[PDB]
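Here is the structure we will look at, set down as structure tokens.
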Amino acid sequence: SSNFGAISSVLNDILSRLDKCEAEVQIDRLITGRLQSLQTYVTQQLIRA
Amino acid sequence: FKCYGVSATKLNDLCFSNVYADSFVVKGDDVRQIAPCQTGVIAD
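Residue numbers (the entry's author numbering), protein chains in the order written: chain A, 949 to 997; chain B, 364 to 407.
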């Protein structure tokens, strides 16, 4: 539920308020942040297993 | 001018497959709307 420095934390709100060249950078920031979170969760799960 | 993707100084070295040039006459202040993904409805 965090925005990771983007203008909003909801992807549908990004795609309903920007065109296809100003929303790309915000989408990139969401991709990077959520990728980091998922990778961290996978690593903790591996050690606990 | 402006170059989007290839540096103009290093353009002299690399080789290309085919180059295409276009004839195009447009108003004076509209020249800044000829760019990838521009918001201009007239440009659209």
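Every residue, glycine too, gets a C-beta built ideally from N, C-alpha and C.
Residue i: contacting residues in chain A (beta-carbon distance under 9 angstroms)
| i | result |
| --- | --- |
| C366 of chain B | Under the 9 angstroms cutoff, chain A gives no residues; its nearest Cβ is about 18 angstroms from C366 of chain B. |
is_contact[residue i, chain B] using C-beta, thresh 9 angstroms
| i | result |
| --- | --- |
| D967 of chain A | yes |
Burial state of residue i, where buried means 16 or more other Cβ atoms lie within 10 Å
| i | result |
| --- | --- |
| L978 of chain A | buried |
| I995 of chain A | exposed |
| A398 of chain B | exposed |
Through-space distance from residue j to residue i, alpha-carbon basis
| i | j | result |
| --- | --- | --- |
| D976 of chain A | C400 of chain B | 18 angstroms |
| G391 of chain B | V990 of chain A | 56 angstroms |
| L983 of chain A | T402 of chain B | 31 angstroms |
| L374 of chain B | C366 of chain B | 10 angstroms |
| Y383 of chain B | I405 of chain B | 23 angstroms |
| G368 of chain B | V958 of chain A | 32 angstroms |
| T988 of chain A | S380 of chain B | 45 angstroms |
| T980 of chain A | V388 of chain B | 42 angstroms |
| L963 of chain A | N951 of chain A | 14 angstroms |
Any C-beta of chain A under 9 angstroms from that of residue i
| i | result |
| --- | --- |
| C400 of chain B | yes |
Contact under 9 angstroms by Cβ, residue i with residue j
| i | j | result |
| --- | --- | --- |
| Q974 of chain A | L986 of chain A | no |
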